[PDB]
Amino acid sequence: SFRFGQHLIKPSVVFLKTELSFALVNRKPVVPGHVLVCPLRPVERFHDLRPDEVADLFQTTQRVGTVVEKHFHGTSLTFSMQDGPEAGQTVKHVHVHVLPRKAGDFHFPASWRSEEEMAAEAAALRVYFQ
């Protein structure tokens, strides 16, 4: 129901939606609580966003960071946007990576989990935005 590049994201893994942005959980989060915040409009580069979308994207990112930091017990946050092919972008849609951090944390297999586990995680996250 949500667009993220050329794949549709099921609303079950989406925990926040604003007039212009949405936040979703990852299939293979690099650290517990690694989430993404993206503009609803699928643009490829950061410069394509309107001032409206830029503000909303980052106000949402601030709200999400506070929540994931709280829920996954981090003491800091790393926010990062890989803007472009040479930056590391894989999917052509601007998005911010929000990763809760903690001391000593360091930063289809791996961190992989089921869709249901993602939906469970997203449901726990929706509680903080009620």
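Numbering starts at 1 and runs along the sequence shown.
Other entries omitting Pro109, at least a third: In at least a third of the other entries, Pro109 has no coordinates.
Is there a break between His107 and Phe108, and how many deposited residues does it span: none, 1 to 3, 4 to 9, or 10 or more? The entry has a long gap there, with 10 or more residues left out between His107 and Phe108.
Quick check on the record: does 81 to 89 or 65 to 73 carry the larger mean Cα temperature factor? Looking at the record's C-alpha B-factors, the answer is 81 to 89.
Out of 6 to 14 and 108 to 116, which stretch has the higher average CA B-factor listed in the record? The deposited B-factors put 108 to 116 ahead on the C-alpha mean.
Between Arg101, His95, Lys28, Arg45, let me know which has the highest C-alpha B-factor in the entry? That would be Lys28.
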